[PDB]
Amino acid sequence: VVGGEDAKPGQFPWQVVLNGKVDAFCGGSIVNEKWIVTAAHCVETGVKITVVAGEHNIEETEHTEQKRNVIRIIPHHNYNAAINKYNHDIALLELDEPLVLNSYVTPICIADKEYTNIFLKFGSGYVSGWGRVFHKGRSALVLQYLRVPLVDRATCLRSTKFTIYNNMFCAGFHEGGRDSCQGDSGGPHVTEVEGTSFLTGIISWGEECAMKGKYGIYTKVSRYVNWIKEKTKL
């Protein structure tokens, strides 16, 4: 996250970090004790991944962390990286052993299709992750967060030569300076509804991080609610 702030411990207890050949390459959100929702481009190669819940400072042991191996990767059936690496960009990860829910490890709420869309249209979500804090720069040690406004589809379409499909959305600032970045993808975009946060998007992709005239592209979670609830049933 470029232009964000250090989260306090337990401020985003649904956030998880993904590790593989490179640690902190992508983020995710806790659906429940056995399941994580992330971007399919983060796990498309089907490589051995580990999830860390309860993380705050990735280089300091705070005794709140919970690491788990991933035993199953379910990309959405409409995801195909050979056609478009960032369309239908959502995947679920099954953990080898359940997380122990506490104040540092808590799931994110997911409303039905209609209400997830209503909450996105409130126009202001929180994004978070351990990604790059500058475009082409060092990645964060402490979890970063940022409030990003929703951008109308017309402004979003004029900002890029790439195709922004109807179940993708734009968020960020007209003048740049603050945005999500590489290392944050798969992480959450949440909307606070009277003190309860609901998942409204997945951090997906963008061109230059925090550049004036460019915005972050997110996956609309409302498009996949029935698939998340179905596959993650305990």
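Rigid core here is just the name for the largest C-alpha set that superposes within 1.5 Å across the two forms. Counting begins at 1, following the sequence as shown.
Participant: Following superposition on the rigid core, is the mean squared CA displacement, expressed as RMS, greater for 37-45 or for 52-60 in 5 other deposited structures of this protein?
Facilitator: Looking at 37-45 versus 52-60 in 5 other deposited structures of this protein, the farther one turns out to be 37-45.
Participant: Of the stretches 77-85 and 141-149, which sits farther from where it is here in 5 other deposited structures of this protein, on average over its Cα atoms, after fitting the core?
Facilitator: Comparing 77-85 with 141-149, the larger C-alpha deviation in 5 other deposited structures of this protein belongs to 77-85.
Participant: Determine, for stretches 127-135 and 143-151, which one has the higher mean CA B-factor as deposited.
Facilitator: Higher mean C-alpha B-factor in the PDB entry: 127-135.
Participant: Could you check the entry and say whether 185-193 or 39-47 has the higher mean CA B-factor?
Facilitator: Between 185-193 and 39-47, it is 39-47.
Participant: From the list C156, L120, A91, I108, select the residue with the highest C-alpha B factor recorded in the entry.
Facilitator: If I rank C156, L120, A91, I108 by C-alpha B-factor, first place goes to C156.
Participant: Which is it among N167, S29, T200, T64: the one with the largest CA B-factor in the entry?
Facilitator: The C-alpha B-factor peaks, among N167, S29, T200, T64, at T64.
Participant: Select lowest, middle or highest to describe the third in which the CA B-factor of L18 falls within its chain in this entry.
Facilitator: Tercile = middle for this residue's CA B-factor.
Participant: Lowest, middle or highest third: where is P9 by Cα B-factor in its chain?
Facilitator: According to the entry, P9 has a C-alpha B-factor in the chain's highest third.
Participant: C-alpha B factor of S103, ranked within the chain: lowest, middle or highest third?
Facilitator: Its C-alpha B-factor belongs to the highest third of this chain's values.
Participant: Test of reading the entry: by CA B factor among the chain's modelled residues, which third contains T116?
Facilitator: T116: CA B-factor falls in the lowest third of its chain.
Participant: Classify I58 as lowest, middle or highest third according to the C-alpha B-factor given in the PDB entry, relative to its own chain.
Facilitator: Ranked within chain, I58 CA B lands in the highest tercile.
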